[PDB]
Each structure stands twice: as C-alpha cells, then as structure tokens.
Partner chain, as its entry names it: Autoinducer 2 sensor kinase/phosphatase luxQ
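Take a look at this one chain, the form solved without its partner chain, written out in structure tokens.
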C-alpha cells in the first residue's frame, strides 16, 4: 500500500494459509499458560540481541523482559548477549557475528540493516529474528528469516488515521514528524498521510524527519510550527518524537494542537492521563516478547515455526477511564509489569 517489495501481514497470511495456521497456533500458544520445552538441549542456546539504547520508549526493554521471562517459564537454558546501541553516531558493533549465536534478534529500519541481514541470511547458520517488522520481504521468498515479529505499523497507523478522520473534517491542516529516515517512517508516516489525504481530504502542511530522540522531536516540532503555525494536529511517528513534541506545544502555548503517541508504553500512558498526549495506539506489548520464546521453543522441538507474528492494538484516548487504562496495562505488561 505504501512500499513496494513486501507482503502485507494479512496478505501474507491469505497467500499462504499454512502460515495463517501457524501464526494462529502461535497466537494461542502466546495466550495460554506456558507449556515447557519437551526436548532438553545439550547445552544453553546462545541468543544475541542488538537493540536501540536509551530510548524513552520502553518497547525494547519490556520486550526483552517478557522474552526472558517466558523463556524461563518454558524451562529453556539460554545465554543472552545484549547490546545497547547508543542513540546513533557506527553500527559496526554488529560484531555479534563473532558471537556465533544460535538466535539473532535484530531490527530492520534502514538499508544499512538490509545489507547486513542479507549477509546473515546468505552466510551463517544463525536463525534471524526481525523485531518491529511484520511484512515479509519478497526477495527473500526462497530463504525467509526465522521470524518477523512486532506490532504492524500499517495497522496501528491505519487505526490512528481512522480516528483522526473520524474526529476532523475535510481540509483539516496537519504536519507530520517522521521517525529517522527508513522503513518505520515510510510505513507509519505515509500510511497515515495517504489515508488521511485521500479518504478524508486533509491537507498536509509539512513533514520533517527527526533523529528519533525526544530532543529531536521537540526541535522538529518547533521548526515545523515556526514555518507552519496554522495546523490542527501534528502526527508523530514515535514515542520519543511525540513526547518532545508535547514539550514544544507546551512551551509555545499551543493547546489548540492535537498530538498523538504511537505504541502506548508507560511514558505515553502517563502523558495521556496527564492530558498532554491526546490519542495513541497501544500495543499489547508483552505478546511479542512471549512470541519469540514460543517460536524458539517449537524450533527446539522440531515443530514448524510461523514466519510472521503481529500483536494486537488498542486505541487509547485521554477520555478513557483510569479503569480502562489499568485493564489495558494488566493485559499489556502482564510479564514486564
């Protein structure tokens, strides 16, 4: 719908019914009580994670939390090698190849990632798990990685777009704060822009990329409003960006402007309950960490493993009752607390 060379999550599942069967099976295995590993391993399995560090978004740390906890509950012996990638400056600390890991948990936002993934796929025996993407790549139809896991960007963005198009009318002005340049921005961003422009006839005033930090969100917001102060809402593509943007609106005295979150972590939820963030799409966070454990389990039991898993979203607005937020938290952080 927005990028060429990918399967839609649902498109994938519709094209390959077996994959729907597996992904459903995994969904159910992710919901039900832990069923421990049925095949003792001779030694620990070496699992390596590379994740973006020091984000205000708690997605990753909660993902590892819920992952490790489900691993433990499943009675799987492992060694976890975690890498904290400082907020951008190298990436050649993808030296976790030297680790000779059994499972590699990584991301795919840029091309700098693509090249490396193709390296991991065409060279090693290491099973690759791609977090925060759920739309498989067509070029890899012959050898797809072990699993794509996350909360589908297109869907979560679609739901937001829908809510905005429901609240605001035709010819509503808005600006967009992207993530850093890459896959996330393209999907999270252009999905919203296309829906809202073509279905609801809004008028995009401007759009800017950020450095994926709160500071950058703040700066970018300010610049955007300096150039186009007359918008009805800003659409942010991520937690930190949106939370910087919130400070920008606060400093500029612009309460007229609506702003969204994206993901519904703890920070966003506090902001929403404060009224600083107006709407968000909230991912049932722990499901994906728990899904990775289960996938790994089946693999060790020589059961077939789905290629894709996507977790559920819930729209959350500042008009929600604290009861609702509490229940969603109890659902979403049932492992990471």
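C-alpha atoms forming the largest set that superposes within 1.5 Å between two forms make up the rigid core. Numbering follows the first chain given and starts at 1.
Only in words, not in the display: the form deposited with its partner chain bound, which the text now covers.
This chain is drawn without its partner chain; in the bound PDB entry, the residue among 166, 138, 170, 100 with a heavy atom within 4.5 Å of it is 138. Residue-level contacts in the bound PDB entry: of 132, 260, 126, 191, one residue has a heavy atom within 4.5 Å of its partner chain, and it is 191. Partner proximity in the bound PDB entry, defined as non-hydrogen atoms within 4.5 angstroms of its partner chain, places exactly one of 229-237, 252-260, 145-153, 181-189 at the interface: 181-189.
For the chain shown alone, residue 199 is not a contact residue for its partner chain in the bound PDB entry, no non-hydrogen atom being within 4.5 angstroms. Among heavy atoms of residue 110, some come within 4.5 Å of its partner chain in the bound PDB entry. Put simply, residue 94 is close to its partner chain in the bound PDB entry: some heavy atom of it is within 4.5 Å. Although the partner is absent here, residue 162 sits far enough away that none of its heavy atoms falls within 4.5 Å of its partner chain in the bound PDB entry. Residues 110, 111, 112, 114, 115, 116, 118, 119, 120, 121, 122, 138, 139, 140 of 110-141 are found to place at least one heavy atom within 4.5 Å of its partner chain in the bound PDB entry. Residue showing a CA shift of 2 Å or more between this form and the one not shown (rigid core superposed; candidates 251, 139, 122, 230): 122.
Once both forms are fitted on their rigid core, the CA atom of residue 96 lies 2 Å or more apart between this form and the one not shown.
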